[PDB]
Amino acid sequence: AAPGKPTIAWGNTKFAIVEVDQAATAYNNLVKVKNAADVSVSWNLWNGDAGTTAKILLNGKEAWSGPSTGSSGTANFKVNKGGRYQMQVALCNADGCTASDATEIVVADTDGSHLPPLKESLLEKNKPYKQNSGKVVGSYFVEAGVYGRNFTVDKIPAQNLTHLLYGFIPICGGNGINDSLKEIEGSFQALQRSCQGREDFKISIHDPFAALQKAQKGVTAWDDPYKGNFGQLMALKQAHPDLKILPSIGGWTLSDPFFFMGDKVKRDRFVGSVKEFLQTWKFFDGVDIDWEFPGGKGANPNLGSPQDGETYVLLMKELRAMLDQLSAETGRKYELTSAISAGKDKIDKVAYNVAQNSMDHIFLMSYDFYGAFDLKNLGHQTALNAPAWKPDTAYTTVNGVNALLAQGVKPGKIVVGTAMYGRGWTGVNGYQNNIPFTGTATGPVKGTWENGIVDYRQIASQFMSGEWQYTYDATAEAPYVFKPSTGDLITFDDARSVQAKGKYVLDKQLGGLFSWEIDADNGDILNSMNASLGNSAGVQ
């Protein structure tokens, strides 16, 4: 007759195709990619015949077989695909097979295929929206935001976005390569730690702990292979397959290395590391280049050259080729985008009309036009048009867009940016006609986390009452609050301004909208971004 029903023995049931050392500090010791996971299963049989053949079934599909030589046994086999499988041990003989009860084994992989959907409820003022406008709706999630700001991936209103850019991927490099970091507490030191033993100009992860080791909703088990933001983003892709999650390389303090990319030897090394990166972390849909201004004028005052414009176009070209190479190997489609300055002076230092042919989207940083970094010339930090008191204002959203359109850039590539934060000055004075922007400041305004910057959340919750004056400049399409006694002036985006930009995007037939760090919003900004772009409400 058929064999007796076997029983699965005690033993770890979680494995991974891509192993991650939950204790490593160096990127080169953090991950090791394997073509398949090494699984092992043992069983017992206290009653009945042991059969002649033993098989390991994964979801009913045979994954291993071998002679059944005793009432007990062990099977070692490979699993080349991630997922949660119902594993069974079956004993078989001439007349019949007998399977044991199912035991779940997890075979982890960086695409999150082993994780249950991370479908969290919208928080704060966030309201549901369907991405049915065909327009881009993106936002940035900062890696470091999981600390003080305590804003994790599970707090992201993922259903109200089409693109999600990661809080910046660094480029390895010490003195002379990433000096701009030295200005931030232990940041430079952190990067050297991650890049220990790694060639300079290669991609890396800035905060390994926050990225893959910190426990977070959905990935809290002490023995889960991928935790932190990455782990969560993997689960997030399971819930929102169509969501494009893109790693942004660069940023204000990590753009320094780009200025060396003129040397193709380094550029090739960079493009190669990015590819290996995309192969390693499958949840990512491409790459975002945030070279904080080619030509200088960035965080580092000693970098920038006329050669930068050409380098940028070359970089995008080579990256696009690399992604194409990758598509041929995975069959997937990858997006290539970039965040650029909205100022015409910087936009002209690059031939975007040519680079656009390799890029999917161009995220126009139409914000930070003004700020505490200049106490003499004040203005709207993210306005749409020039104000009435200075119609010849240079830094405005429209000018930025026009500059691009002028070069020959297709409007569909342009994604206008909105701010979920405000910039402000303190002790403003010497203004006339009651327009604070015409005076000068004595210093930066007290910020939420750092001087001169305040989350929209704090603006809407603390500076929308009391002695604060609220004003919406209809000419420029931008709001601002002012406290006469202390001279505190704050410029930011609000539902109305964002709505103005949305209709503007709809009119000029631009790509869409995106915002700087989703952690600073309470929902008003993103809600408006969606509504103004045509997305229908109600959960889908």
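Residue indices: 1-based, along the sequence shown.
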*Per the entry, higher mean C-alpha B factor between 221 to 229 and 124 to 132*: 124 to 132
*Hey, which bit's got the bigger mean C-alpha B factor in the entry, 185 to 193 or 431 to 439?*
431 to 439
*Would you mind finding, among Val137, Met87, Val107, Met359, the residue with the largest C-alpha temperature factor in the entry?*
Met359
*Going by the deposited entry, which of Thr337, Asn175, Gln216, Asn302 has the highest CA temperature factor?*
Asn302
*asked:* Quick check for you: using the entry's CA B-factors within this chain, is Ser100 in the lowest, middle or highest third?
replied: lowest
*Please place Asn80 in the lowest, middle or highest third of its chain by C-alpha B factor as given in the entry.*
middle
*Which third of the chain does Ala26 land in by C-alpha B-factor: lowest, middle or highest?*
lowest
*What third of the chain, by the recorded C-alpha B-factor, contains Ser180?*
middle
_Among modelled residues of the same chain, the CA temperature factor third for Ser497_ = middle
